[PDB]
>>> print(open('start-v6.cif').read())   # mmCIF, C-alpha atoms
data_input
#
loop_
_atom_site.label_atom_id
_atom_site.label_comp_id
_atom_site.auth_asym_id
_atom_site.auth_seq_id
_atom_site.Cartn_x
_atom_site.Cartn_y
_atom_site.Cartn_z
CA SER J 31 -249.36 1.20 -29.65
CA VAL J 32 -246.47 -1.16 -28.91
CA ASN J 33 -246.85 -4.87 -29.67
CA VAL J 34 -244.94 -6.42 -26.77
CA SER J 35 -244.54 -9.75 -28.58
CA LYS J 36 -242.18 -7.94 -30.99
CA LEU J 37 -240.01 -6.32 -28.31
CA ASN J 38 -236.25 -6.58 -28.44
CA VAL J 39 -234.13 -5.44 -25.51
CA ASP J 40 -230.83 -7.16 -26.38
CA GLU J 41 -228.95 -3.86 -26.55
CA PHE J 42 -229.68 -3.10 -22.89
CA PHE J 43 -228.31 -6.41 -21.56
CA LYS J 44 -224.96 -6.50 -23.36
CA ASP J 45 -222.27 -7.78 -20.95
CA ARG J 46 -225.00 -8.26 -18.32
CA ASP J 47 -226.78 -11.30 -16.90
CA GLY J 48 -230.40 -10.20 -16.54
CA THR J 49 -234.05 -10.71 -17.34
CA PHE J 50 -236.82 -8.35 -18.44
CA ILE J 51 -240.57 -9.03 -18.29
CA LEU J 52 -243.19 -6.70 -19.78
CA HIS J 53 -246.92 -7.44 -19.55
CA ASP J 54 -249.39 -5.46 -21.67
CA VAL J 55 -252.43 -5.15 -19.39
CA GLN J 56 -255.08 -4.35 -22.01
CA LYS J 57 -253.86 -6.75 -24.69
CA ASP J 58 -252.95 -9.46 -22.15
CA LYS J 59 -249.57 -10.33 -23.66
CA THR J 60 -246.23 -10.89 -21.92
CA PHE J 61 -242.72 -10.43 -23.31
CA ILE J 62 -239.82 -12.20 -21.57
CA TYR J 63 -236.11 -11.69 -22.17
CA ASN J 64 -234.03 -14.51 -20.61
CA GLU J 65 -236.74 -16.89 -19.47
CA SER J 66 -234.28 -19.08 -17.54
CA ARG J 67 -233.38 -16.22 -15.20
CA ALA J 68 -237.01 -15.06 -15.11
CA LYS J 69 -237.89 -18.40 -13.45
CA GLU J 70 -235.02 -18.34 -10.91
CA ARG J 71 -236.08 -17.56 -7.34
CA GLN J 72 -233.88 -14.84 -5.84
CA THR J 73 -233.82 -12.74 -2.70
CA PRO J 74 -236.22 -9.79 -3.13
CA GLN J 75 -234.18 -7.07 -1.34
CA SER J 76 -236.09 -3.78 -0.99
CA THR J 77 -238.71 -4.93 -3.52
CA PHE J 78 -240.18 -6.53 -0.40
CA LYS J 79 -241.10 -3.04 0.81
CA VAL J 80 -244.19 -3.31 -1.43
CA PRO J 81 -245.84 -6.33 0.31
CA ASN J 82 -244.39 -5.21 3.65
CA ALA J 83 -246.18 -1.86 3.36
CA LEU J 84 -249.46 -3.54 2.37
CA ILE J 85 -249.29 -5.90 5.35
CA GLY J 86 -248.16 -3.21 7.79
CA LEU J 87 -251.01 -0.91 6.82
CA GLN J 88 -253.51 -3.78 6.83
CA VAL J 89 -252.64 -4.92 10.37
CA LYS J 90 -252.31 -1.30 11.60
CA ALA J 91 -248.61 -1.62 12.40
CA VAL J 92 -248.45 1.79 10.68
CA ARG J 93 -251.25 4.29 10.16
CA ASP J 94 -250.71 5.62 6.61
CA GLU J 95 -247.97 6.70 4.18
CA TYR J 96 -247.04 9.53 6.58
CA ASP J 97 -246.49 7.49 9.77
CA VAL J 98 -243.32 9.02 11.23
CA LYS J 99 -240.66 6.89 12.90
CA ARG J 100 -237.95 9.06 14.42
CA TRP J 101 -234.34 8.37 13.50
CA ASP J 102 -232.39 6.90 16.41
CA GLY J 103 -229.36 9.11 15.68
CA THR J 104 -227.09 6.28 14.53
CA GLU J 105 -225.21 7.26 11.39
CA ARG J 106 -225.83 4.61 8.74
CA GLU J 107 -224.20 4.07 5.36
CA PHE J 108 -226.49 6.30 3.27
CA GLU J 109 -227.05 9.96 4.10
CA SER J 110 -230.72 9.78 3.12
CA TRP J 111 -231.26 7.17 5.86
CA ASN J 112 -229.98 9.47 8.64
CA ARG J 113 -233.18 11.41 9.35
CA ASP J 114 -236.77 10.87 10.44
CA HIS J 115 -238.80 8.87 7.92
CA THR J 116 -242.36 7.85 7.09
CA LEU J 117 -243.69 4.70 5.46
CA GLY J 118 -243.77 6.53 2.12
CA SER J 119 -240.42 8.30 2.36
CA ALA J 120 -238.77 5.09 3.54
CA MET J 121 -240.08 3.36 0.43
CA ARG J 122 -238.80 6.15 -1.84
CA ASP J 123 -235.32 6.09 -0.25
CA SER J 124 -235.23 2.33 0.56
CA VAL J 125 -234.75 3.10 4.25
CA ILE J 126 -234.31 -0.44 5.57
CA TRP J 127 -234.39 0.51 9.25
CA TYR J 128 -237.93 1.89 8.98
CA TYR J 129 -239.27 -1.29 7.41
CA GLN J 130 -237.35 -3.44 9.92
CA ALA J 131 -239.10 -1.61 12.76
CA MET J 132 -242.45 -2.15 11.04
CA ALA J 133 -241.71 -5.84 10.41
CA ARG J 134 -240.97 -6.37 14.11
CA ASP J 135 -244.36 -4.81 14.92
CA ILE J 136 -246.10 -7.05 12.36
CA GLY J 137 -244.41 -10.04 13.96
CA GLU J 138 -243.56 -13.52 12.73
CA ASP J 139 -247.05 -15.04 13.04
CA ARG J 140 -248.85 -12.33 11.08
CA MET J 141 -246.05 -12.01 8.52
CA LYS J 142 -246.10 -15.76 7.82
CA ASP J 143 -249.90 -15.79 7.57
CA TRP J 144 -249.94 -12.89 5.11
CA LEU J 145 -247.13 -14.21 2.90
CA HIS J 146 -248.94 -17.53 2.71
CA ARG J 147 -252.23 -15.79 1.92
CA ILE J 148 -250.64 -13.92 -1.00
CA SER J 149 -248.35 -16.83 -2.02
CA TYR J 150 -245.20 -14.70 -2.03
CA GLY J 151 -242.31 -16.77 -3.34
CA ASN J 152 -241.03 -19.49 -1.04
CA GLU J 153 -242.76 -17.74 1.91
CA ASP J 154 -239.64 -18.42 4.00
CA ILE J 155 -239.15 -15.90 6.83
CA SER J 156 -236.85 -18.12 8.92
CA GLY J 157 -233.96 -15.71 8.28
CA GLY J 158 -235.50 -13.45 10.93
CA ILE J 159 -238.48 -11.09 11.22
CA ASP J 160 -236.39 -8.03 10.28
CA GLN J 161 -233.85 -9.77 8.00
CA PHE J 162 -235.65 -12.32 5.83
CA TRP J 163 -235.88 -10.18 2.66
CA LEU J 164 -232.22 -9.03 2.78
CA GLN J 165 -230.08 -11.64 0.95
CA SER J 166 -231.62 -14.15 3.32
CA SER J 167 -234.26 -16.90 3.42
CA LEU J 168 -237.09 -15.41 1.34
CA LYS J 169 -236.81 -15.99 -2.40
CA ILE J 170 -239.12 -15.09 -5.29
CA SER J 171 -238.64 -15.33 -9.04
CA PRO J 172 -238.84 -12.36 -11.41
CA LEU J 173 -241.98 -13.93 -12.94
CA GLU J 174 -243.50 -14.33 -9.47
CA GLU J 175 -242.69 -10.66 -8.77
CA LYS J 176 -244.46 -9.76 -12.02
CA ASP J 177 -247.52 -11.75 -10.94
CA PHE J 178 -247.53 -10.06 -7.53
CA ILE J 179 -247.26 -6.57 -9.04
CA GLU J 180 -249.95 -7.43 -11.58
CA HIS J 181 -252.23 -8.55 -8.74
CA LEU J 182 -251.54 -5.29 -6.91
CA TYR J 183 -252.26 -3.28 -10.06
CA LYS J 184 -255.56 -5.13 -10.63
CA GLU J 185 -256.32 -5.17 -6.87
CA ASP J 186 -256.70 -8.95 -6.97
CA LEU J 187 -255.16 -9.24 -3.50
CA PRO J 188 -256.87 -9.68 -0.12
CA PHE J 189 -256.14 -6.14 1.09
CA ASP J 190 -258.51 -3.20 1.53
CA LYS J 191 -258.69 -1.29 -1.74
CA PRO J 192 -257.65 2.07 -0.19
CA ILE J 193 -254.54 0.38 1.21
CA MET J 194 -253.60 -0.84 -2.26
CA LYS J 195 -254.23 2.64 -3.68
CA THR J 196 -251.98 4.14 -0.97
CA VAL J 197 -249.10 1.73 -1.57
CA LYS J 198 -249.33 2.16 -5.34
CA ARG J 199 -249.18 5.95 -4.84
CA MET J 200 -246.10 5.47 -2.63
CA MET J 201 -244.44 3.71 -5.59
CA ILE J 202 -244.71 6.71 -7.93
CA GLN J 203 -241.25 7.40 -9.40
CA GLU J 204 -242.07 9.91 -12.14
CA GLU J 205 -245.30 11.75 -12.81
CA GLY J 206 -245.09 13.15 -16.32
CA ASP J 207 -247.65 14.95 -18.42
CA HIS J 208 -248.37 11.80 -20.45
CA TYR J 209 -247.36 8.88 -18.23
CA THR J 210 -246.91 7.84 -14.62
CA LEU J 211 -244.05 5.49 -13.70
CA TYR J 212 -244.48 3.32 -10.60
CA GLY J 213 -241.71 1.13 -9.25
CA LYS J 214 -239.58 -0.21 -6.45
CA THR J 215 -235.84 -0.88 -6.64
CA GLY J 216 -233.87 -3.46 -4.73
CA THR J 217 -230.14 -4.13 -4.39
CA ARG J 218 -227.95 -6.65 -2.62
CA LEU J 219 -225.76 -4.06 -0.87
CA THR J 220 -222.84 -6.41 -0.15
CA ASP J 221 -221.64 -6.91 -3.73
CA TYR J 222 -224.14 -4.78 -5.70
CA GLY J 223 -224.43 -7.95 -7.80
CA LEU J 224 -228.22 -8.42 -7.62
CA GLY J 225 -230.60 -5.67 -8.66
CA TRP J 226 -234.33 -5.29 -9.16
CA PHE J 227 -236.82 -2.78 -10.49
CA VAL J 228 -240.45 -3.92 -10.35
CA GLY J 229 -243.54 -1.88 -11.12
CA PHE J 230 -245.86 -0.60 -13.79
CA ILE J 231 -246.43 2.35 -16.09
CA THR J 232 -249.69 4.02 -17.08
CA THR J 233 -250.29 6.14 -20.17
CA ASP J 234 -253.53 7.28 -21.74
CA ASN J 235 -255.44 4.06 -22.52
CA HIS J 236 -252.47 1.74 -21.88
CA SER J 237 -250.73 0.20 -18.91
CA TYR J 238 -247.88 -2.27 -18.55
CA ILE J 239 -246.38 -4.32 -15.70
CA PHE J 240 -242.61 -4.76 -15.71
CA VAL J 241 -239.86 -6.56 -13.84
CA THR J 242 -236.13 -6.11 -14.40
CA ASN J 243 -233.69 -8.35 -12.52
CA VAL J 244 -229.97 -8.19 -13.25
CA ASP J 245 -226.47 -8.91 -11.91
CA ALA J 246 -225.98 -5.21 -11.06
CA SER J 247 -227.43 -2.58 -8.74
CA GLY J 248 -231.07 -1.66 -8.38
CA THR J 249 -230.21 1.68 -9.98
CA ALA J 250 -228.85 -0.20 -13.01
CA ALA J 251 -232.04 -2.27 -13.09
CA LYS J 252 -234.14 0.89 -13.03
CA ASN J 253 -232.07 2.56 -15.77
CA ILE J 254 -232.38 -0.52 -17.99
CA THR J 255 -236.15 -0.41 -17.41
CA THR J 256 -236.56 3.27 -18.21
CA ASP J 257 -234.32 2.93 -21.29
CA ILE J 258 -236.64 0.19 -22.59
CA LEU J 259 -239.82 2.12 -21.76
CA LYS J 260 -238.42 5.23 -23.48
CA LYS J 261 -237.41 3.22 -26.56
CA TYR J 262 -241.00 2.03 -26.96
CA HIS J 263 -242.51 5.50 -26.48
CA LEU J 264 -244.08 4.75 -23.09
CA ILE J 265 -241.91 7.17 -21.13
CA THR J 266 -242.08 10.49 -22.95
CA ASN J 267 -242.62 13.58 -20.77
#
>>> encode(input="start-v6.cif", output="structure tokens")
Amino acid sequence: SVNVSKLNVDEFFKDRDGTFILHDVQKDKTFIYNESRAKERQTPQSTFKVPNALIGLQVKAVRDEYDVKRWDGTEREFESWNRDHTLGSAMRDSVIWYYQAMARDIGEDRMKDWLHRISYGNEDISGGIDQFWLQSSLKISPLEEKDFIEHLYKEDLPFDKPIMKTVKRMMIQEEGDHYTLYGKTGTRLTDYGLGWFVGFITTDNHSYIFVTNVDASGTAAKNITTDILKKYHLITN
């Protein structure tokens, strides 16, 4: 099994400004590439869909991963956004409008209370109930994102356990024969100059929490992550 203290990911960050964090759950060891950036609080983008979904389910703003919100008919920038969505499909396709509707239903008071309860970054929602995670007031460091995802993995958060199971299932990106990859991307869609992929991977007898944060798109962040996990024989088939 991989010894994360001996990782090297230099080849995947050439000509990039990024950080990579990998935590071995069973061996309780953490590798960090670019610790300075790992400590820098940044806007979470669609990585906020993870805590947003937990809170929205917990307060019954939405019923389950299948809660349908009908598309209003307005053509938006991405084709995948221009159809009816559910909590789960809107996570998979980063459908901002769905999560904005849910955030408005959660409301400022409950959102503030929950972000304080889970100590999510600077907890700053002053940018607006349906805007604060989108290159706005809320900021969280890559290491803080790793801690949050690790708490979700271990279910050391103050949510009902079935809600945490549901949201983790909504994060499934690839279900192979020998591994399951969970994750959420985020991108700053103005310049595509801030990108995230946060999540975890399970194999037989091993699991790992990861965060990639980079001066590129969320897709680039995800591809860097999967390249690293493949290199170390965690993503196989």
>>> closest_residue(input="start-v6.cif", among="J:130, J:49, J:124, J:110", to="residue 251 (chain J)", atoms="only C-alpha atoms")
J:49
>>> closest_atom_pairs(input="start-v6.cif", of="region 63-166 of chain J", to="region 205-215 of chain J", cutoff="9 Å", atoms="all atoms listed in the file", output="tab-separated table")
residue	atom	partner	partner_atom	distance
J:75	CA	J:215	CA	8.3
J:76	CA	J:215	CA	6.4
J:77	CA	J:214	CA	5.6
J:78	CA	J:214	CA	8.8
J:79	CA	J:214	CA	7.9
J:80	CA	J:214	CA	7.5
J:121	CA	J:214	CA	7.8
J:122	CA	J:214	CA	7.9
J:124	CA	J:215	CA	7.9
>>> residues_around(input="start-v6.cif", residues="residue 86 (chain J)", least_positions_apart="4", cutoff="12 Å", atoms="all atoms listed in the file", output="ChimeraX atom specification")
/J:78-82,90-95,97,117,128-137,140-141,144,189,193-194,197
>>> residues_around(input="start-v6.cif", residues="residue 68 (chain J)", least_positions_apart="3", cutoff="6 Å", atoms="all atoms listed in the file", output="list in words")
residues 49, 65, 172 and 173 of chain J
>>> resolve_selection(input="start-v6.cif", expression="the PyMOL selection byres ((chain J and resi 236) around 12)", output="list in words")
residues 31, 32, 33, 53, 54, 55, 56, 57, 58, 208, 209, 210, 230, 231, 232, 233, 234, 235, 237, 238, 239, 263, 264 and 265 of chain J
>>> resolve_selection(input="start-v6.cif", expression="the PyMOL selection byres ((chain J and resi 244) around 7)", output="ChimeraX atom specification")
/J:47-49,224-226,242-243,245-246,251
>>> atom_distance(input="start-v6.cif", atom1="CA of residue 247 (chain J)", atom2="CA of residue 46 (chain J)")
11.4 Å
>>> residues_near_point(input="start-v6.cif", point="(-241.8, -18.0, -0.4)", cutoff="12 Å", atoms="all atoms listed in the file", output="number ranges by chain")
J: 71-74, 78, 141-157, 162-163, 166-171, 174-175
>>> resolve_selection(input="start-v6.cif", expression="the PyMOL selection byres ((chain J and resi 36) around 12)", output="mmCIF file with C-alpha atoms, in the frame of the given file")
data_model
loop_
_atom_site.group_PDB
_atom_site.id
_atom_site.type_symbol
_atom_site.label_atom_id
_atom_site.label_comp_id
_atom_site.auth_asym_id
_atom_site.auth_seq_id
_atom_site.Cartn_x
_atom_site.Cartn_y
_atom_site.Cartn_z
ATOM 1 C CA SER J 31 -249.360 1.200 -29.650
ATOM 2 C CA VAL J 32 -246.470 -1.160 -28.910
ATOM 3 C CA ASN J 33 -246.850 -4.870 -29.670
ATOM 4 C CA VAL J 34 -244.940 -6.420 -26.770
ATOM 5 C CA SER J 35 -244.540 -9.750 -28.580
ATOM 6 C CA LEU J 37 -240.010 -6.320 -28.310
ATOM 7 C CA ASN J 38 -236.250 -6.580 -28.440
ATOM 8 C CA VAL J 39 -234.130 -5.440 -25.510
ATOM 9 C CA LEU J 52 -243.190 -6.700 -19.780
ATOM 10 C CA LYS J 59 -249.570 -10.330 -23.660
ATOM 11 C CA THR J 60 -246.230 -10.890 -21.920
ATOM 12 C CA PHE J 61 -242.720 -10.430 -23.310
ATOM 13 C CA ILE J 62 -239.820 -12.200 -21.570
ATOM 14 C CA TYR J 63 -236.110 -11.690 -22.170
ATOM 15 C CA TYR J 262 -241.000 2.030 -26.960
#
>>> atom_distance(input="start-v6.cif", atom1="CA of residue 249 (chain J)", atom2="CA of residue 165 (chain J)")
17.2 Å
>>> closest_residue(input="start-v6.cif", among="J:43, J:183, J:227, J:127", to="residue 101 (chain J)", atoms="all atoms listed in the file")
J:127
>>> closest_residue(input="start-v6.cif", among="J:203, J:185, J:40, J:256", to="residue 119 (chain J)", atoms="all atoms listed in the file")
J:203
>>> atom_distance(input="start-v6.cif", atom1="CA of residue 218 (chain J)", atom2="CA of residue 125 (chain J)")
13.7 Å
>>> closest_residue(input="start-v6.cif", among="J:85, J:98, J:41, J:51", to="residue 188 (chain J)", atoms="all atoms listed in the file")
J:85
